[PDB]
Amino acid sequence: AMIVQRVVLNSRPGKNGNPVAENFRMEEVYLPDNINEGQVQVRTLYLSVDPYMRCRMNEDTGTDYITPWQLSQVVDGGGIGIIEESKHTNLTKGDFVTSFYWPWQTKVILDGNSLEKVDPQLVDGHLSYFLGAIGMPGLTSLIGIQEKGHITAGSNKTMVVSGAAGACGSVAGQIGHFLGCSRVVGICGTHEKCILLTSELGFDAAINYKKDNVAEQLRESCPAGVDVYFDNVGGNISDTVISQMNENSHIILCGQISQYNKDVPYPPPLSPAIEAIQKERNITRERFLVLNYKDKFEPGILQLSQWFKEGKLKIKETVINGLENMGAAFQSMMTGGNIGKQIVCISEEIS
């Protein structure tokens, strides 16, 4: 019985509370010496932390698509690992695999049918990109823009992206330029993030919402108004952006992270004054859930991989090390510690 470390949900912060590292706890358990037919033993390499996990910390998540985590039970989420032993007829030792339901544990015995084999060449060997820009967040940005943005090459539209220096946002602003937007302006929470948006990611301008007059900066950077708003944050920032959105414009409602530590149903309605603007200007604001478009996942991943391999898509991530830091990593991402996709490195043992 090998000793492995795992992370379990130690306490719930409450639907109206703030998540902290201590809501999680790391403990040791013994691993089976026993691998059954159809099972594989995997060594975890990278785990993801993501904003949607904030609702899994609640007793009731709010929807049918995601189940709540249970107290004292191992937590799970997107992960990537290497097969160390296989008794599954279609997986081999050394294969790299992923699952959206990877337990937060150093080594695990899993049913082979619950795993997907990945192709390292799609990410030039950066397996953690499968949890990000060449994964669910990048797919969310691409499909969201393609389905809800209404952008065409040649229309010279202006796109504003909130949460611009995060996983979805950093990819969304780039895709905005790839697909036809002439101006892409990002709103984020730090000066350093602002610098990266314009120096490395091709944004035309960057606004720090903690230090800048957002409305004033939107008037300067979006001189022709806002035609597409890729929204990751909601709250006051979105109210400000919507106030400068043009006739027949579109809000790609990706997420509303500024509201995730509150019991308001998702997506939160707009205040009467802001909703009045939306109605008067015919601004579209529809829900967008990436799981409603799984038939576009394969072509999407290939397109994201191709843009990366062509040297056009810049992939940003922030890494924290060690399973003992999962809770800290989730708390850090929720409060802005990350540039690009937040990842936790569990191990680099691949040989």
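A residue's number is simply how far along the shown sequence it sits, counting from 1. For clarity, a rigid core is taken as the largest C-alpha set superposing within 1.5 Å between two forms.
Two stretches, 10 to 18 and 330 to 338, are weighed by how far their CA atoms sit from the shown form in 5 other deposited structures of this protein after rigid core superposition; the farther one is 10 to 18. Here the rigid core sets the fit, and in 5 other deposited structures of this protein the C-alphas of 36 to 44 stray farther than those of the other stretch, out of 36 to 44 and 314 to 322.
Mean CA B-factor, 75 to 83 versus 265 to 273: the higher value falls on 265 to 273. Stretches 85 to 93 and 246 to 254 differ in mean C-alpha B factor, with the higher average recorded for 85 to 93. Out of 310, 324, 298, 317, it is 298 whose C-alpha atom has the highest B-factor in the PDB entry. In the PDB entry, the Cα temperature factor peaks, among 46, 52, 288, 69, at 69. Sort the modelled residues of the chain by CA B factor and residue 342 lands in the lowest third. When the modelled residues of the chain are ordered by their C-alpha B factor, residue 335 lands in the middle third. The entry lists a Cα temperature factor for residue 135 that places it in the lowest third of the chain's modelled residues. Per-chain ranking of the deposited C-alpha B factor places residue 211 in the highest third. When all modelled residues of the chain are sorted by CA temperature factor, residue 153 is found within the highest third.
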